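Visitor: experimental coordinates follow, after the sequence.
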Amino acid sequence: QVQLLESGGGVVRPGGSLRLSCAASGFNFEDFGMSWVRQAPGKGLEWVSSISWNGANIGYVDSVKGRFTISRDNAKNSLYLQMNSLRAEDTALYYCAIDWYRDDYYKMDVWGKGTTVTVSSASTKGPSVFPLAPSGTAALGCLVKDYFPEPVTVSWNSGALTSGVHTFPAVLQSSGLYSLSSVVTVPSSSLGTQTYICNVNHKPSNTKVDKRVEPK
Amino acid sequence: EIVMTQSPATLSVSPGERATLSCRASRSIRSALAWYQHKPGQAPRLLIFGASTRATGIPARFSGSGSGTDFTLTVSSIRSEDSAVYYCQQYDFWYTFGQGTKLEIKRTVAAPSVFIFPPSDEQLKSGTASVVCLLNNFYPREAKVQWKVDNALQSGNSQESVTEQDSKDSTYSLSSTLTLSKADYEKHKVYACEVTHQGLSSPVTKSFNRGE
Ligand SMILES: OC[C@H]1O[C@H](OC[C@H]2O[C@@H](O[C@@H]3[C@@H](O[C@H]4[C@H](O)[C@@H](OC[C@H]5O[C@H](O)[C@@H](O)[C@@H]5O)O[C@@H]4CO[C@H]4O[C@H](CO)[C@@H](O)[C@@H]4O[C@@H]4O[C@H](CO)[C@@H](O)[C@@H]4O)O[C@H](CO)[C@H]3O)[C@@H](O)[C@@H]2O)[C@@H](O)[C@@H](O)[C@@H]1O
């Protein structure tokens, strides 16, 4: 369980700034160069910045030169990215990753889960969660409506239920808010004896909702 | 800066076959070329480094080669779990990913299982009604959904959403959400969802009556 844990994302106005951090565990952080790689919505992976294990070589993609500053604190096992003068093209999920072992060899096989940076003037709003009630095989789900910004996570029965689950990509409504559904197919016979609860988490607004989905 | 050009952009391949992905560098990157698999919802996974060396635990059906500016990755004995976007990355002079190749697994035709959900009473308290139509586990991805309210064809008040290809059975699922005001919702009785797909003999309709 080598691990990289990014944090610090959120909503920031264009022209503003944010500081991302990445906490490493399970390895000698001081032995590895680190990189930031982002994925803007609807785009591919883009390498952003790298700092070598000893800080001797630092690089930036051209579009962030003079705006972003990468740094590391080996005593805290932490990597940082100070992002200034934020633009719309900076909206993305930001991964940290090891790249090289010292100046010896490229490795780049340890990645974090990403943290989301949203460059917007809009306000943070948490979702409402409504049930999609059931009627051989039955379908039921949760409707997660009117939140900002992306993303929302949905699980079922606290992660015990995974087979048959489909969580749809969010849809930007004309209001400017996002909405999505998560559904699951289950045996009809289990509808009264089994409990079904969807667990919606929207970290940007500290919204945690546990919704029971029962037949009407 | 070095430009990495991948081809083809998209690729649809049946299980058991092989596909070859191409990567071109605008100038020589020697052998510092890597390949990545990126499944939606997960972190990127390194497949190849040094143009032709498999990373730890990568099976022999991933084969990479190339030198200078021209590279290939060949993925043989393709499985449903291979549905992903594949990127090359040069690491000769800092790092640059290519624009990616999206690989879809071509499976047999599968018809949608259709379900309709009326608005919950809780949501009606807010003054909005969301009617959701679910199309489950179908292939291929192309599907048509028509909303009919009291036999009146709806237009402009619905939004669709399609899942990423399922990694185990290679199907898609689609949701269409009809959004109406509580007042408009309460003026009509029959709410219908009509589904057209290649795997269905004729279009399928699921409906409900408001209140039943
Ligand atoms: O068409 C122009 C040419 O562009 C490229 O060469 C440009 C010049 O860079 C050197 O040659 C390359 C050598 O570059 C390394 C250097 O060691 C180091 O120093 C560079 C700075 O000096 C220059 O003024 C600026 O270019 C730089 O700001 O940086 C580069 C890159 O180093 C990192 O990139 C890889 C990533 O895998 C890795 O070696 C280094 O990464 C960092 O280091 C640690 C590991 O040690 C990692 O944690 C961290 O990511 O490296 C190349 C050999 O592969 C040389 O190409 C001069 O020789 C060039 O004049 C190049 O494309 C060239 O072919 C073109 O002709």
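Guide: Nice, thanks for sending it over. Residues are numbered from 1 along each chain as shown, chains lettered A, B, ... in the order given.
Visitor: what's the domain layout of the chain?
Guide: All of this refers to chain A. Per automatic domain parsing, the domain ranges recorded for chain A read A:3-119, A:128-212.
Visitor: nope, chain B
Guide: Taken from automatic domain parsing, chain B resolves into B:4-105, B:113-209.
Visitor: okay, these in CSV with distance to residue A:181 and mean neighbour count next?
Guide: From N, CA and C alone the C-beta is placed, and that goes for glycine too. Converted to CSV, the domains of chain B look like this (distance: least, C-beta to C-beta, whole Å; neighbours: other C-beta atoms under 10 Å in any protein chain shown):
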stretch, distance to residue A:181, mean neighbour count
domain B:4-105, 16, 18
domain B:113-209, 5, 17
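Visitor: show me what from chain B comes close to the ligand.
Guide: Contact residues (C-beta under 6 Å from any ligand atom) of chain B with the ligand: B:32, B:91-95.
Visitor: wait, which of these is closest to residue A:170?
Guide: Taking C-beta to C-beta as the measure, residue A:170 sits nearest to residue B:95 out of the residues of chain B next to the ligand, at 29.7 Å.
Visitor: you'd agree that closest one is up against residue A:48?
Guide: No - Residue B:95 lies out of contact with residue A:48 (C-beta atoms under 8 Å); the separation is 9.2 Å.
Visitor: one step back: please name whichever of the domains of chain A is nearest to the ligand.
Guide: Nearest to the ligand among the domains of chain A is domain A:3-119 (2.2 Å), distances taken as C-beta to the nearest ligand atom.
Visitor: ok, the closest residue to residue A:125 other than its chain neighbours - contacts?
Guide: In space, and not counting its chain neighbours, residue A:125 is closest to residue A:148: 4.8 Å by C-beta to C-beta, 6 or more residues apart in numbering or on different chains. Residue A:148 is in contact with A:122-125, A:176-178, A:204, counting by C-beta atoms under 8 Å, 6 or more residues apart in numbering or on different chains.
Visitor: can you turn the buried part of those into a ChimeraX selection?
Guide: The ChimeraX selection below is limited to those of those classed as buried (16 or more other C-beta atoms under 10 Å in any protein chain shown):
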select /A:124,125,177,178,204
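Visitor: state the pair within the contacts of residue A:148 that is farthest apart.
Guide: Using C-beta to C-beta, the pair of those lying farthest apart is A:176 and A:204, separated by 14.8 Å.
Visitor: what's the first-to-last distance across stretch A:62-75?
Guide: When the termini of stretch A:62-75 are compared using C-alpha to C-alpha, to the nearest Å, they are 30 Å apart.
Visitor: ok, now stretch A:55-73?
Guide: So stretch A:55-73: terminal residues 10 Å apart, C-alpha to C-alpha.
Visitor: how about that stretch, does it get close to the ligand?
Guide: Yes - for stretch A:55-73, a contact with the ligand is found by C-beta under 6 Å from any ligand atom, at residue A:57.
Visitor: buried ones in that stretch?
Guide: Neighbour-count burial for stretch A:55-73, counted by 16+ other C-beta under 10 Å, picks out A:59-61, A:64, A:68-70, A:72.
Visitor: now these as CSV including secondary structure?
Guide: Conversion of these to CSV gives the following (DSSP: H, G, I helix; E, B strand; the rest coil):
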residue, secondary structure
A:59, strand
A:60, strand
A:61, coil
A:64, helix
A:68, strand
A:69, strand
A:70, strand
A:72, strand
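Visitor: wondering if stretch A:47-65 reaches chain B at all.
Guide: Yes - contact of stretch A:47-65 with chain B (C-beta under 8 Å from any C-beta of the partner chain) involves A:47, A:50, A:59, A:61-62.
Visitor: and of these, the nearest to residue B:101?
Guide: Closest to residue B:101, out of all of the residues of stretch A:47-65 next to chain B and judged by C-beta to C-beta, is residue A:47, at 18.0 Å.
Visitor: the closest one against residue B:90, yeah?
Guide: No - assessed by C-beta under 8 Å, residue A:47 is found out of contact with residue B:90, at 9.6 Å.
Visitor: now the residue most central in space within chain B, nearest residue through space, not along the chain?
Guide: For chain B, the residue nearest the mean C-alpha position is residue B:164 (3.1 Å; C-alpha atoms, centre = their mean). Distances taken as C-beta to C-beta, 6+ apart place residue B:40 nearest to residue B:164, at 4.4 Å, with adjacent residues excluded.
Visitor: show the end-to-end separation of stretch B:86-99, please.
Guide: 9 Å.
Visitor: chain center to that stretch, what's the gap?
Guide: 24 Å (C-alpha atoms, centre = their mean, to the nearest Å).
Visitor: ok, it near chain A or not?
Guide: Yes - using C-beta under 8 Å from any C-beta, stretch B:86-99 reaches chain A at B:87, B:89, B:91, B:94-99.
Visitor: strands - which of these land there?
Guide: B:87, B:89, B:96-97 (DSSP state E).
Visitor: among the residues you listed, which two are most distant?
Guide: Farthest pair in those, by C-beta to C-beta: B:87 and B:96, 10.1 Å.
Visitor: from chain B, how far out is residue A:14?
Guide: Remark: distance between residue A:14 and chain B (C-beta to the nearest C-beta, to the nearest Å) = 24 Å.
Visitor: hang on, I meant residue A:120
Guide: 21 Å.
Visitor: got a list of what residue A:82 touches?
Guide: With C-beta under 8 Å, 6+ apart, residue A:82 has these contacts: A:17, A:19, A:68-69, A:71.
Visitor: ok, 6 Å please
Guide: Each residue near residue A:82 by C-beta atoms under 6 Å, 6 or more residues apart in numbering or on different chains is listed here: A:19, A:69.
Visitor: cool, residue B:135 as well?
Guide: By C-beta under 6 Å, 6+ apart, residue B:135 lies in contact with B:112, B:114, B:143, B:174, B:195.
Visitor: wouldn't the second one be in contact with residue B:203 here?
Guide: What it means is residue B:114. No - taking contacts as C-beta atoms under 6 Å, residue B:114 lies outside contact range of residue B:203: 10.0 Å.
Visitor: pretty sure residue A:8 sits against residue A:17.
Guide: No - between residue A:8 and residue A:17 there is no contact under C-beta under 6 Å: 11.2 Å.
Visitor: and of the buried residues of stretch A:55-73, the nearest to chain B?
Guide: residue A:59 (4.6 Å; C-beta to the nearest C-beta).
Visitor: pairing partners for the closest one in the sheet, please.
Guide: residue A:50 (DSSP bridges).
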